[PDB]
Every structure is written in C-alpha cells, then in structure tokens.
Amino acid sequence: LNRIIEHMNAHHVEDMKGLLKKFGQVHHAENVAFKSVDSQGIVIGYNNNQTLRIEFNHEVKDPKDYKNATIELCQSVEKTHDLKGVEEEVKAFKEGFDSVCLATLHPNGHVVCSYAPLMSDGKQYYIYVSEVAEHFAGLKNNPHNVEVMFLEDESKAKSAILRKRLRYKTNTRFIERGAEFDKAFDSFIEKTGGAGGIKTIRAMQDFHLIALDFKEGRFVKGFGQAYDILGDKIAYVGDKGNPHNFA
Amino acid sequence: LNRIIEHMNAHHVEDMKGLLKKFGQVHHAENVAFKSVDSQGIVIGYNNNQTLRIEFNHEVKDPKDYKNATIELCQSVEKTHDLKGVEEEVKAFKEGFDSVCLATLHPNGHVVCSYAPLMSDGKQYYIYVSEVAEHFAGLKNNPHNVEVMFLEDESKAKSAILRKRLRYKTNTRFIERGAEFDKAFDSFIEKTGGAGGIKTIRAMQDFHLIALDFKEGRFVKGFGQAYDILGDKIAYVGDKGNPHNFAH
Ligand code: HEM
Ligand code: HEM
C-alpha cells in the first residue's frame, strides 16, 4: 500500500477532498492524505489526526486491483456530473432488458407488485400482459397510476444493497392488434430468439400490448449517484451531499 | 423420431391426454398419439386429423435431449399437483434472495414500484430501507397495503415471459434498534459476506428494519403452474385448465 499511498497523495488529493465532503460531510479538511486500502474500502486521513473510511461498492477480491478500485472511487466524484454519460447509461440500461417490474393499483384497493415482458419499437416501450394476471385489472381500471421499474439482476449487481434501477411514473394505454402490434412483437421475437412460449402467447387473445408513456423518472447507479429524469432533462439529486443520518 | 414416437405412445398416452386437456382444452380426444418433437416443442395428434402443439419453456439445443424434454413435459401434468414439493420450492426460492421488489402506496395516492435489501431471522423476513427513499412514505403511512415480490433474475430464468416469481400481500411494522435488529443484521452480514456498503448503512439512522408478515401469496414456476398460498395452505390454481383465450 506504500506505493498506492504515494500515488494517491500525488495525483488524487483534490478527489480525496471531494470524497471527504460528499461522503463524510467534511467541508474544510486540511492535511488530506491517503492512509490505506483493503478489500472493502479506503481510509483517508485529514485534520486533527482524523480519518474517514469509505467502503467500495463491492469486495475487491484481488489485492492487485486495490489501486484501480481506489482510483475509480476517487474519480466517481466528478463522473457523477457527466450527465451526457448518465443519459447514455440510461438508454443502454433499458436496452438490456426484455422485462420490467410493475406497481399497479388493483380495483380491490390493494397495490400489486408484478413483472411483465417488455417490448419496443423505436423509442416506444410496451408491456405484454394477460387478463388472467392480477396486474391486468389495475392496468385497465387505473391506467395512469402505474410505476415501471427496470431493475438490475441481483446476480449481476455490485451487491444486494446496490442493484441499479430506473423507475418511471407511467401512463399506460392499450394497443389494438395490427401493424404497431406486429412491429413490436416481431422485434421482440428477433431480439429474444422467440423460443420458450413467446410464439404461443402472441396468439392468446387474452393478452394485450400496452404502451408505456414515461413521466417522472429516478435512476440510481451508485451510492450518491441518483438522478431525476423528465423528458430529455436529467439532473443529479445530491448537490447537498450525503443526506443520510439526517444530514 | 421413430423411437421417440414409439416411446411416447407406449409410455405416456395418459400424459398426452392430460396435456391435451390442460394446454389445449381438448377433453374427448380419441386416437391420441405423439407426432413430433423439435427444438421448440412437441406436437400431439388426435382424432382423425387434428394436432395440438405445446412449446417447451426453453429451446432444447441438442437433439440428444429431445426425449427427456418431452418426458419432462409429459410428467409435468402430474408433478404440478405435488403441493409438498411446491411448499419446499417456495421456501428454497425465498432463501435464494438477499433483496425483493416492492409495491407501496404513497400518501399522495400513487403507487410506487421499488426494491429493498431482504433480511431474516429464521422464518421471519424483514426489509431495510431509508427515509430518503420514496417507498418509505408508503411503508410508514400505508403499512398494511404492500406487496412483496421475489422475482427470479432475468439472466437465470427460462425466458423473459417465464421468470419465476412469488408475490405476497404483506403487512409491515417497524423494528426498533436492539437485539432483534442485531440478530437479523448480523445474519445478513454473515450470509452476504457483508461487503459493499452494508456495514456503512447499518450505522445510518435514517434506515429502518421493517418486518414483513406475509398474507396471501401467489407463486408461478411454470406455464400452468401457478399456486395460491395463505399461511400453511397452498392450492394449485389451474384445475380448470388453460384459462387463456377466454376459455371460460
Ligand atoms: C399454453 C402455454 C401457456 C403459455 C405460453 C402461458 C403463458 C403465460 C404468461 C406469459 C403469463 C403471464 C401473464 C402476465 O403476467 O400478464 C401467464 C399467466 C398465467 N397462466 Fe399461463 N400460459 C400457458 C398455459 C397456461 C395453463 C394451461 C394454465 C392453467 C392451468 C395457465 C394459467 C395461468 C395463470 C393462472 C396465470 C396468471 C399467473 C400469475 O399470477 O401471474 N397458463 N401464462
Ligand atoms: C456513504 C455512502 C452511502 C451509502 C452506503 C448509501 C446507501 C444507500 C442505499 C442502500 C439506498 C437505498 C435506500 C432505499 O431504497 O430505501 C440509498 C438511497 C439514496 N441515497 Fe445513498 N448512500 C450513500 C451516500 C449517499 C450520498 C453521498 C448521497 C447524496 C449525494 C446519497 C443519496 C441517496 C438518495 C437520493 C437515495 C434515494 C435513491 C432512490 O431513489 O432509491 N446517498 N443510499
């Protein structure tokens, strides 16, 4: 760690000040120097013989990668503000799924947490659902009280407490069978490969393609890296820094 | 194909009738016989000139596996009824997750679809969430209007249209810091390995452990394999067969 300490103190002092402020609410730190790194995080020293420990978002399994993980953490402070990059991540994130989770309000007054197959044509997204499923009644009766969530697989996520997610308050509407329907479905068949029952449900008339018109969105890709979305506008949510601990 | 047809006609005639009834709502079929199998499904012939095609829930890439895939589908008709086996699968399914999806009702009136880390002390399950998140207001103000979903990862599922899932109408209640909190949190650290920020959020006072009391549940593990659950009782939902296409 001796070499790492030298490296950080020589090229990432301003980043460390950024980390101290963002994660520790330490605003006027002096004598900022890198103290250590271990498989789970780093320790930054400052001021009156003090330190702030900041954990990585995963365990770094090989000591050979401690340096890069530390650099990534230091660079995350400014990267948080690369809105163009976040916008591109959001687009690519959505393209990596063939299904989404939903919250709907059923006519029985109870919320419903479910999931449905996701399809798309251009920038238009849709879900394909059956009248037999509990979420159908809510999509039909409360079409504008719906939230759609793109949630990263637990097995692909950094940890159980940081699964990347993209959520949108959504207005829904039914799409009748026809040209629009076939374009979305053919696209789904091509992308997925079309096996597994997909061909069967296309012919089941109790299934409906429902367009998703997204309104307010919230994207979370890392600790202290949450964003609000609306149309083509995206804004970082934490200019004030760590809000936890009743900050 | 000749050997597979011969095998199915000699050993699975009753299963094929079961599949015709279940998936095709064909009840008085005669002259039932196995017709073919391909990478995506099987075809059963019946009557003078009719057939029913039933797709596998995944593509069988190697023809060496067609017979087993076919036998699996045939045997699924009766296996669907094994409630003791389903009970076992449900318990094991929940133990395979360290997080769940949630639907909550925000005080403003809109529903919220989110997710939270999942913890437990034996049979008691809990979630751990922060006051900074939108689902907190619904968990605090509409604590008995919540649905928890255990959803299989898309990358592990048979397909996009068949991700296994277990959903429960749930009543929630807050757990104060103390011995119960520590038991659940310590168990979570030991299970997950405790890296990635878990240790940091334990100390954040804006986070609360919330116990989940599951009520009605619905488990879906395959096509035509959906079950209703309430406490210690489980029941198969499809006695009437394929409900799709407005079969009523
Ligand atoms: C022929 C092949 C079948 C296919 C491809 C198929 C497909 C599907 C799909 C994709 C859904 C999800 C709908 C949604 O979430 O909106 C579904 C739900 C359902 N299916 Fe089927 N199904 C088939 C046969 C059956 C049969 C034979 C039964 C009954 C014995 C059945 C009973 C159900 C029930 C009860 C649900 C609702 C499950 C839930 O709680 O989400 N299905 N089916
Ligand atoms: C010290 C490291 C941090 C850790 C371990 C951490 C952890 C978490 C966790 C686990 C959640 C999800 C809570 C829930 O869904 O109930 C969360 C949410 C959130 N955090 Fe942090 N956080 C950290 C720092 C920060 C900082 C520095 C900011 C602000 C600049 C921040 C802003 C937020 C916001 C806005 C949310 C809500 C996200 C959402 O919509 O789901 N966090 N944080």
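Residues numbered from 1 in each chain as written, not as in the entry; some residues may be left out. Chains lettered and ligands numbered in written order. Heavy atoms only, no water.

- X-ray crystallography is the method the PDB entry lists for this structure, together with a resolution of 1.800 Å.

## Describing the overall build of chain A
- Along its length, chain A carries 7 helices and 11 strands.
- Relative to the compact-globule value of 18 Å for 247 residues, chain A shows a C-alpha radius of gyration of 23 Å, a clear excess of over 25%.
- Projecting the C-alpha coordinates of chain A onto the three principal axes gives extents of approximately 70 × 35 × 30 Å.
- Relative to all contacts within chain A whose residues are 6 or more apart in sequence, the contacts with residues 24 or more apart total 57%.
- Summed over all atoms, the accessible surface of chain A reaches about 11,700 Å², with 49% contributed by carbon and sulfur. (Helix = DSSP H or I, 4+ residues; strand = E, 2+ residues; numbered from the N terminus. Rg over C-alpha atoms; globule rule 2.2 N^0.38 Å. Contact = heavy atoms within 4.5 Å. Areas by Shrake-Rupley, 256 points an atom, 1.4 Å probe, with all protein chains shown as cover.)

## So, the overall build of chain B
- Scanning chain B from N- to C-terminus turns up 7 helices and 11 strands.
- Computed over its C-alpha atoms, the radius of gyration of chain B comes to 23 Å, more than 25% above the 18 Å expected for a compact globule of 248 residues.
- Once the C-alpha set of chain B is aligned to its principal axes, its extents read approximately 70 × 40 × 30 Å.
- Residues classed as buried in chain B amount to 52% of the 248 residues present.
- Restricting to contacts in chain B with at least 6 residues of sequence separation, those with at least 24 account for 58%.
- Of the roughly 12,000 Å² of accessible surface on chain B, a fraction of 48% belongs to carbon and sulfur atoms.
- Both charge centroids of chain B, one from 33 positive and one from 35 negative side chains, sit 2 Å from each other. (Buried < 20%, exposed > 50% of the residue type's maximum accessible area, 1.4 Å probe, protein only. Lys, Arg positive; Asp, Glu negative; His and termini not counted. Charge placed at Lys NZ, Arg CZ, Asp CG, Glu CD.)

## Quick word on the UniProt feature "domain: Pyridoxamine 5'-phosphate oxidase N-terminal" (unreviewed entry) in chain B
- In the numbering used here, UniProt assigns the "domain: Pyridoxamine 5'-phosphate oxidase N-terminal" (unreviewed entry) feature to residues 87-220 of chain B.
- Regarding residues 87-220 of chain B, the helix share stands at 26% and the strand share at 42%, and the terminal C-alpha atoms are separated by 12 Å. (UniProt positions renumbered as here; feature names shortened; annotations may be inferred.)

## Things to note about the state of the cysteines
- Scanning all chains against the criterion turns up 0 disulfides over all chains.
- The closest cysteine sulfur to the non-disulfide-bonded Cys101 of chain A is located on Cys101 of chain B, 3.8 Å from its own sulfur.
- In this structure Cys101 of chain A comes out as buried when scored by relative accessible area, which is 3%.
- In this model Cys113 of chain A remains outside any disulfide bridge; the closest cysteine sulfur is found in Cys113 of chain B, 5.0 Å from its own. (Disulfide = S-S within 2.5 Å.)

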